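K.L.:
Take a look at this one; I'll ask things after.
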Amino acid sequence: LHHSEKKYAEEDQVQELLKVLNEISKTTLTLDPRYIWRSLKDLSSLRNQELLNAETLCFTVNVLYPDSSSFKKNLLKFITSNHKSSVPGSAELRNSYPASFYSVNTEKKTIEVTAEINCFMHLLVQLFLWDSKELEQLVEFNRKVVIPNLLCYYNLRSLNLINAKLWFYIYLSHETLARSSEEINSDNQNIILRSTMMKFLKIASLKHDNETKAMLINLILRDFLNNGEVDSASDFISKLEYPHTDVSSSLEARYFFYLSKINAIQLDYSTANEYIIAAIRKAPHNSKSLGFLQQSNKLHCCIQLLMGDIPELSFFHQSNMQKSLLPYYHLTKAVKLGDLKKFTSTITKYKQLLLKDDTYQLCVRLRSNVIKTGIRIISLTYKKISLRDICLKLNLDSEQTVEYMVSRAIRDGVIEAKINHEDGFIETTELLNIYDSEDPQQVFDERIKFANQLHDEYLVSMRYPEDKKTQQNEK
Amino acid sequence: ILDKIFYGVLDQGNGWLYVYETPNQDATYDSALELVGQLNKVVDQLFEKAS
Amino acid sequence: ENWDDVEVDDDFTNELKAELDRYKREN
Amino acid sequence: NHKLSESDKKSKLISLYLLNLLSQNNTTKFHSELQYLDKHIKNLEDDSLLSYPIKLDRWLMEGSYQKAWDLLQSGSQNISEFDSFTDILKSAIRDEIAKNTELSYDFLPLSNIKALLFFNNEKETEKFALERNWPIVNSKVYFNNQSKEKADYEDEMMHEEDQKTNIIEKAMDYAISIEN
Amino acid sequence: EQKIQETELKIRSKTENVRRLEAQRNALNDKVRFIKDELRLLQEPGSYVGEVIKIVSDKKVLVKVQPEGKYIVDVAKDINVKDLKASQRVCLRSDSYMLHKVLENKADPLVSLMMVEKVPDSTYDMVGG
Amino acid sequence: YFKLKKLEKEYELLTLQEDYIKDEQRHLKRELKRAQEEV
Amino acid sequence: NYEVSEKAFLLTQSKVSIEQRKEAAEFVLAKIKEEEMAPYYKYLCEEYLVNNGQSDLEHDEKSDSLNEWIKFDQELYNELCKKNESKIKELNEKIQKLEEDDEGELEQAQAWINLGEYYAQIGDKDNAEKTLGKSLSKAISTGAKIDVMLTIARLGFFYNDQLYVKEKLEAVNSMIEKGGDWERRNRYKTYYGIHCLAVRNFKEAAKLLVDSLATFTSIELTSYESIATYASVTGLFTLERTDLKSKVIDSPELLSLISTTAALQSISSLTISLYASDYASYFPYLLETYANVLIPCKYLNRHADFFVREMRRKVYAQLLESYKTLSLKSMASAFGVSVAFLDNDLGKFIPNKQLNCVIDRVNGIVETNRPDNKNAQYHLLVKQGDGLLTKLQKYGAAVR
């Protein structure tokens, strides 16, 4: 029964391993193994549940084990395994073949098979851990082994993509351990993890690997959010080492998502407004990306309300995610109408929900934005309005209070008006008629730059796949 | 005024008449707006059959 | 649905009939 | 994260650091650490030490100086430990007030500005007029709204005179790149 | 090998630009050879116009020219006589006088007046009473 | 050391073919003017 | 069936005129009982779910209607099924004999024509859609496929389907050659005009329901007085004052309806007050029309105040071009408008850039800004220009 179960799943794993083995042996092609590894994550997730854990036991028996002798026993010890007589030395798939990792040349140590085996061995370990959700000692045991192994290898062009996806599981397993249970050992454990990120990033800077650095930057910027250091994030993004060429679309959306939250504390939303919009256009619409589209839209509504301008109202109802976007609608309504008591009761009921996404602090600063937006609304209605006429609307305190809040709104060039105290009314200095100025000419220059930007990229993207069809023989 | 026979504007406060009527300019708005509506339907047929 | 169906109206209901009060009294 | 540190001097030194960022007008670290603390509710509201710089910065950009100036003078905690920063914080406000009267007012009387600057004498207001070179007419202070040479940085973007020449250069350069 | 690793990225981007600009150059290069070689095609006498009538076992087709009479020429070596039938307009070379290709068939109307209409528009619901 | 310097010369050979095609594509447009107009 | 679904939704929301609640409650229990539709008496409970002023009394005693019981029972259900099961036995008996004979394409198509109307009158929705698939292969001429479009339109008016019904409406009307046939173009001015009310069009609907022929009587579906009522709805938006005095006021089609039924107060009272630009008489006709026209109709009350906001900004724009500077107290005493309600009316438009107006509260006067400017026209091209470049960049990177 259990004998035929191990031969079926292992043959499918070797069949996929032999495909990428001959691709890296001929010259240098870095895109051939990458296409299979994308589907390998989905195929292995469903395959690990079937036939239990016995598919990876004989895989260690097949290939020679440099480090893996005691790693499979410690993984099966936590589950209190039963002895099926799976002891190595029974199932042999090698049988002295060149593609089978011939044993005699391997045992004599005249050839090195460890490069394409041991590096691939760590990949299958992290896949089974994410399915069973194992924590505590099993997380630290794997992280301690991989770090010296990566420093011993030279990290060739094809070797940089093997561990590129392993860093995502290292950071994920460490964060889920701290949120589940907090202790004093978890704090000092992250200290070593912060040093390991910078040591490997410096090595990958020489190879200029596009996918490797794309995964690191996403994990490094996210670690600064929990650590709470802006100087580490500000100096990191100043180098601009992130390639835009071969990185995946899912990795691009995560990059622009961090720049929106970093620039949000600098009180400059001009650049941050583009990063949050570009992150949505680069994020897939599938179900696996719904978690990112949910968090990205929550930040988009908060950026516009902090700019003094009301965002698009139809964005809530047209989308199907508005169930979680309902609290943000009451925030926009309270700022636009200008009611002081409505804003206090708005954030009170949802105060518990605003703590998870850490957007409650941005909601506290909306208290002043209620008046900032209310002044712009009443200014467009009345070009010349008296001093006591505004207090009768928003129910402000005194007449001197409303007079000094308008002078602050013109600091950034929002209202663009003047206050005449001798006459007793506030007059708007904006006559429009900007068609006679040079201001629209500056915006029109960027539209030509944006049009010709995609023209050069059009020749690069379309012509590249036609290179292989010329050399290949056709009928 | 509302019949668009002669474009003008009155003043009921002081009982006067100001300047209103001004001509238009083509190849700017009306000509460009009609092109946006046509190009919007054409681009919808590009990515539809491209995938 | 730009600036219309999202906020609805929520006005000009009982205040419209109340306008005829000042029209038929002060006049 | 360390939950075993409890002392009266811990919350005081952190509060003094937030007033130091507002003294130099630092928008980087002042708007950041508010979300990086352990308690984002009790320590930022019920605690008067950490909420002291928050209410000042929130009311500074709000534009209401009536209730904002009360915390810098008649406040409870500004006597001993917070008094060191009251010199620059009150100086940073009057520097903004001087710049607000230039754009939004052509001329203003000396009697009405006395209440905004919170001065007890009319000669105290005229003392800063000679240092800042304010045109003074009878019973009024004139503001000509004098600017500086060009603007900011990043040459050939909204900087020097005759910007239309560079605009023409943008049309010529990117047009040749169409064929390239 | 630190200097080689810094220049290691030049094995691809430089190879791509040679391959990317190859067919892009060959697109304009082929147009140069096609136009210069068109002189031999323009000076060519061209071909006649005829229709297929009948065939024989000698692989010779009877081509009926519309202005001229009927001629018996040799079929092309690419096709055979099994795919050719009567009332089929084909091509006849002017030089070697042989078959070139097939143009079209004979139109549905024949002789003087020929009325052929399949599935008319008249139905039972269109005629009342 | 011998095989390391061989890769440096291969980069120059790719440059010789790259710089010539970039110059040839602009000169092919001049031959098209002498072609379609003459024929 | 008659009117499809109207009387069922008359009891949904009624602000005034409580006497209409009794008439609407007696009609829903009459036609449904007289017709053969079994299930449409059951849907009365599902239509009023989560609504104010429900006419269904089960767990909610707040019903204000005189007839509070719409609830489905087994007394009427058993009576309707006996008539439905008896006729389907006779229809399936005669049609089955024609299927085995297979004589002509008329008897095969006409067999499903009577069924397409029958399955709609017995309460079968999805079962009636399968009958169109069999009649499609049995279609003879282009007119045979038109009856399929009617079945899609008739069955689509119950739930107001704007997707499959609206798309298949223009497909049958086009096909190969459109032409001026009365079985397509005339139905295009009616069925398509109904879907424009649910999507808030008011532009293309004004080019059909307003300017058209003098009859368009669909009997069971719509009547002449029903279609003529919506002529003043979409006609006050796209059509300017030039077309209001021709295709609305002086149009002979609406002249006979005013002298017949004067209770509409829409095509007459609203058009005369708007043409005269007199706000004094324009105000009292807004509440009378909103109550007796917009609220009872199903395709109107869904808009209601949304459509009222468009009528008010129309008269404010006409008077804006009639003067430059005017005192607020002068206009208040002229057209009979209150000062307190004047600030709330102009506060829902000016900040939205709907109308450009300047008001000086020191002297209590209103000014007139520039209605059309060159820069205001280019600002609309910014969103339209960037809106196109967004699709070209987003969809261009998706396919690569």
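Labels used: A, B, ... for chains in the order of the structure tokens, numbers from 1 for residues in each chain, and numbers from 1 for ligands as shown.
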Could you please write out, as JSON, numbers by chain, every residue of chain C that DSSP assigns to helix (DSSP H, G or I)?

P.N.:
{"C": [14, 15, 16, 17, 19, 20, 21, 22, 23]}

K.L.:
Would you save the residues of that selection, restricted to C-alpha atoms, as a short mmCIF file (atom, residue, chain, number, x, y, z; two decimals), in the first residue's frame?

P.N.:
```cif
data_model
loop_
_atom_site.label_atom_id
_atom_site.label_comp_id
_atom_site.auth_asym_id
_atom_site.auth_seq_id
_atom_site.Cartn_x
_atom_site.Cartn_y
_atom_site.Cartn_z
CA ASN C 14 -39.66 69.06 4.47
CA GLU C 15 -37.83 72.33 3.74
CA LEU C 16 -39.47 72.70 0.32
CA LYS C 17 -43.00 72.81 1.75
CA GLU C 19 -40.93 77.80 1.90
CA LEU C 20 -44.63 78.46 1.26
CA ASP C 21 -44.99 79.44 4.93
CA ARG C 22 -42.94 82.63 4.61
CA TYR C 23 -44.50 83.30 1.19
#
```

K.L.:
Determine, counting only C-alpha atoms, which protein, DNA and RNA residues have an atom within 9 Å of an atom of region 5-14 of chain D; residues of the same chain fewer than 2 positions away are not included. Present the result as a list in words.

P.N.:
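Here the qualifying residues turn out to be residues 2, 3, 16, 17, 18, 47, 49, 50 and 81 of chain D.
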
K.L.:
With N, CA, C and O atoms retained, could you export that selection as an mmCIF file, in the first residue's frame?

P.N.:
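The resulting file, out-v6.cif, is reproduced below:
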```cif
data_model
loop_
_atom_site.group_PDB
_atom_site.id
_atom_site.type_symbol
_atom_site.label_atom_id
_atom_site.label_comp_id
_atom_site.auth_asym_id
_atom_site.auth_seq_id
_atom_site.Cartn_x
_atom_site.Cartn_y
_atom_site.Cartn_z
ATOM 1 N N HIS D 2 10.170 46.292 24.814
ATOM 2 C CA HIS D 2 10.495 46.046 26.216
ATOM 3 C C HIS D 2 9.351 46.579 27.068
ATOM 4 O O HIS D 2 9.108 47.789 27.099
ATOM 5 N N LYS D 3 8.652 45.678 27.756
ATOM 6 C CA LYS D 3 7.496 46.038 28.567
ATOM 7 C C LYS D 3 7.819 46.197 30.046
ATOM 8 O O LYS D 3 6.926 46.551 30.823
ATOM 9 N N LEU D 16 10.157 65.512 25.626
ATOM 10 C CA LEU D 16 11.061 66.608 25.292
ATOM 11 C C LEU D 16 11.662 66.443 23.902
ATOM 12 O O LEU D 16 11.999 67.438 23.252
ATOM 13 N N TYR D 17 11.805 65.201 23.432
ATOM 14 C CA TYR D 17 12.341 64.977 22.095
ATOM 15 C C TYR D 17 11.345 65.382 21.016
ATOM 16 O O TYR D 17 11.751 65.847 19.944
ATOM 17 N N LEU D 18 10.046 65.214 21.275
ATOM 18 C CA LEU D 18 9.043 65.626 20.300
ATOM 19 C C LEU D 18 8.958 67.143 20.195
ATOM 20 O O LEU D 18 8.684 67.673 19.112
ATOM 21 N N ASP D 47 -2.149 60.303 28.410
ATOM 22 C CA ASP D 47 -0.883 60.834 28.900
ATOM 23 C C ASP D 47 -0.711 62.261 28.391
ATOM 24 O O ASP D 47 -0.710 62.498 27.178
ATOM 25 N N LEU D 49 1.953 64.124 28.692
ATOM 26 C CA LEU D 49 3.307 64.417 28.236
ATOM 27 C C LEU D 49 3.463 64.148 26.745
ATOM 28 O O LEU D 49 4.022 64.972 26.013
ATOM 29 N N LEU D 50 2.972 62.999 26.275
ATOM 30 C CA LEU D 50 3.086 62.666 24.860
ATOM 31 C C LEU D 50 2.053 63.397 24.013
ATOM 32 O O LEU D 50 2.312 63.680 22.838
ATOM 33 N N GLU D 81 9.936 71.678 32.971
ATOM 34 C CA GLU D 81 10.638 70.887 31.965
ATOM 35 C C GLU D 81 10.373 71.364 30.540
ATOM 36 O O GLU D 81 11.265 71.270 29.690
#
```

K.L.:
Provide as JSON, numbers by chain the residues of chain E at most 9 Å from chain G, counting only C-alpha atoms.

P.N.:
{"E": [121, 122, 123, 124, 125, 126]}

K.L.:
Find, counting only C-alpha atoms, the residue in E:1, E:64, E:23, E:100 that gets nearest to residue 2 (chain F).

P.N.:
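Between E:1, E:64, E:23, E:100, the residue approaching residue 2 (chain F) most closely is E:1.
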
K.L.:
Compute the set of chain D residues within 10 Å of chain A, using only C-alpha atoms, and express it as a short mmCIF file (atom, residue, chain, number, x, y, z; two decimals) with C-alpha atoms, in the first residue's frame.

P.N.:
```
data_model
loop_
_atom_site.label_atom_id
_atom_site.label_comp_id
_atom_site.auth_asym_id
_atom_site.auth_seq_id
_atom_site.Cartn_x
_atom_site.Cartn_y
_atom_site.Cartn_z
CA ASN D 1 9.90 45.75 22.46
CA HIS D 2 10.50 46.05 26.22
CA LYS D 3 7.50 46.04 28.57
CA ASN D 26 11.27 68.47 11.49
CA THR D 27 8.50 66.72 9.55
CA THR D 28 10.43 63.43 9.24
CA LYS D 29 10.81 61.93 12.72
CA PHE D 30 7.91 63.84 14.30
CA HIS D 31 5.22 62.29 12.09
CA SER D 32 6.81 58.80 12.20
CA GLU D 33 7.34 57.56 15.77
CA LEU D 34 3.68 58.25 16.62
CA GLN D 35 2.79 54.93 14.94
CA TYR D 36 5.92 53.12 16.20
CA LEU D 37 5.06 53.18 19.92
CA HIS D 40 -1.25 54.21 20.20
CA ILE D 41 -4.28 55.21 22.30
CA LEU D 44 -1.10 59.37 22.99
CA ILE D 54 0.47 66.49 19.40
CA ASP D 57 1.23 70.65 16.03
CA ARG D 58 -2.40 69.80 15.23
CA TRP D 59 -3.57 73.28 16.26
CA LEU D 60 -0.61 75.00 14.58
CA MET D 61 -1.59 73.90 11.06
CA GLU D 62 -5.27 74.32 11.99
CA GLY D 63 -4.87 78.10 12.21
CA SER D 64 -6.48 78.72 15.62
CA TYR D 65 -4.03 80.51 17.93
CA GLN D 66 -6.58 81.22 20.68
CA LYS D 67 -6.48 77.80 22.35
CA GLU D 96 4.92 82.20 10.47
CA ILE D 97 2.64 85.05 11.58
CA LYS D 99 4.86 85.63 6.72
CA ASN D 100 1.06 85.31 6.85
CA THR D 101 0.50 89.07 7.17
CA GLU D 102 2.47 89.69 3.96
CA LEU D 103 0.28 87.70 1.55
CA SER D 104 -3.14 88.09 3.20
CA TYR D 105 -2.80 91.73 4.32
CA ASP D 106 -1.55 94.83 2.53
CA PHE D 107 -1.58 96.92 5.72
CA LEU D 108 -2.67 96.33 9.31
CA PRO D 109 -3.06 98.57 12.38
CA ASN D 112 -5.12 94.65 16.23
CA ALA D 115 -3.57 90.72 20.38
CA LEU D 116 -2.31 88.26 17.75
CA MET D 157 12.35 73.32 -13.67
CA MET D 158 10.42 76.42 -12.50
CA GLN D 163 11.16 79.30 -19.23
CA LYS D 164 9.57 79.25 -22.70
CA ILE D 167 9.85 74.49 -23.33
CA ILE D 168 10.74 74.86 -27.02
CA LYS D 170 11.57 69.99 -24.92
CA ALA D 171 9.54 69.90 -28.14
CA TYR D 174 11.81 64.47 -27.81
CA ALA D 175 10.66 64.84 -31.43
CA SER D 177 13.83 60.57 -30.42
CA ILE D 178 10.63 59.43 -32.16
CA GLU D 179 12.60 58.01 -35.09
CA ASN D 180 15.31 56.72 -32.73
#
```

K.L.:
For chain G, which residues have at least one atom within 8 Å of chain C, if we go by only C-alpha atoms? Write them as a VMD selection string, please.

P.N.:
chain G and resid 305 to 306 336 to 338 341

K.L.:
At a cut-off of 7 Å, using only C-alpha atoms, what residues contact residue 8 (chain B)? Leave out same-chain residues fewer than 5 positions from it and give the result as a PyMOL selection string.

P.N.:
chain B and resi 1+19-21

K.L.:
Just the residues within 10 Å of residue 32 (chain F), please, counting only C-alpha atoms, with nothing from its chain fewer than 6 positions along; format it as a PyMOL selection string.

P.N.:
(chain E and resi 28-29+31-33+35-36) or (chain F and resi 38)

K.L.:
Please report, as a tab-separated table, each residue of chain G lying at most 8 Å from chain B, together with the nearest pair of atoms and the separation in Å rounded to one decimal; use only C-alpha atoms, and order rows by chain and ascending residue number.

P.N.:
```
residue	atom	partner	partner_atom	distance
G:241	CA	B:3	CA	6.9
G:242	CA	B:3	CA	6.9
G:318	CA	B:2	CA	6.7
G:321	CA	B:9	CA	6.1
G:322	CA	B:9	CA	5.9
G:323	CA	B:10	CA	4.4
G:324	CA	B:11	CA	4.6
G:325	CA	B:13	CA	5.4
G:326	CA	B:13	CA	4.6
G:327	CA	B:13	CA	6.4
G:377	CA	B:29	CA	6.2
G:378	CA	B:29	CA	6.9
G:381	CA	B:33	CA	7.5
G:384	CA	B:36	CA	7.1
G:385	CA	B:36	CA	7.8
G:388	CA	B:40	CA	7.0
G:392	CA	B:43	CA	7.6
G:395	CA	B:47	CA	6.4
G:396	CA	B:47	CA	7.6
G:399	CA	B:51	CA	6.5
```

K.L.:
Hey, can you spit out that residue selection with C-alpha atoms as a compact mmCIF listing (two decimals), in the first residue's frame?

P.N.:
```txt
# COMPACT_ATOMS: atom_id res chain seq x y z
CA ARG G 241 -35.18 76.35 -25.05
CA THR G 242 -35.24 76.28 -28.86
CA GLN G 318 -31.41 80.93 -17.21
CA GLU G 321 -27.64 85.17 -17.91
CA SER G 322 -30.49 87.69 -17.52
CA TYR G 323 -28.54 90.07 -15.26
CA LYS G 324 -25.05 90.93 -14.04
CA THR G 325 -25.48 92.40 -10.53
CA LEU G 326 -28.67 92.07 -8.49
CA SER G 327 -29.46 92.52 -4.81
CA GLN G 377 -12.83 73.62 -21.71
CA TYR G 378 -9.25 72.30 -21.55
CA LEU G 381 -9.64 67.21 -21.70
CA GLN G 384 -10.35 62.56 -20.74
CA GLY G 385 -6.75 62.65 -21.95
CA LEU G 388 -7.33 57.20 -22.24
CA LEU G 392 -3.33 52.30 -23.04
CA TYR G 395 -3.85 47.15 -20.83
CA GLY G 396 -0.65 47.58 -22.86
CA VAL G 399 -0.54 41.79 -22.85
```

K.L.:
Excluding residue 85 (chain E) and any residue of its chain fewer than 5 positions from it, enumerate the residues within 9 Å of it, using only C-alpha atoms, and give them as a count of residues only.

P.N.:
4

K.L.:
Show me, as a list in words, the residues that have an atom within 12 Å of residue 23 (chain G) when counting only C-alpha atoms, minus same-chain residues fewer than 3 positions from it.

P.N.:
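My list of contacting residues is residues 7, 8, 10, 11, 17, 18, 19, 20, 26, 27, 28, 29, 30, 65, 66 and 67 of chain G.
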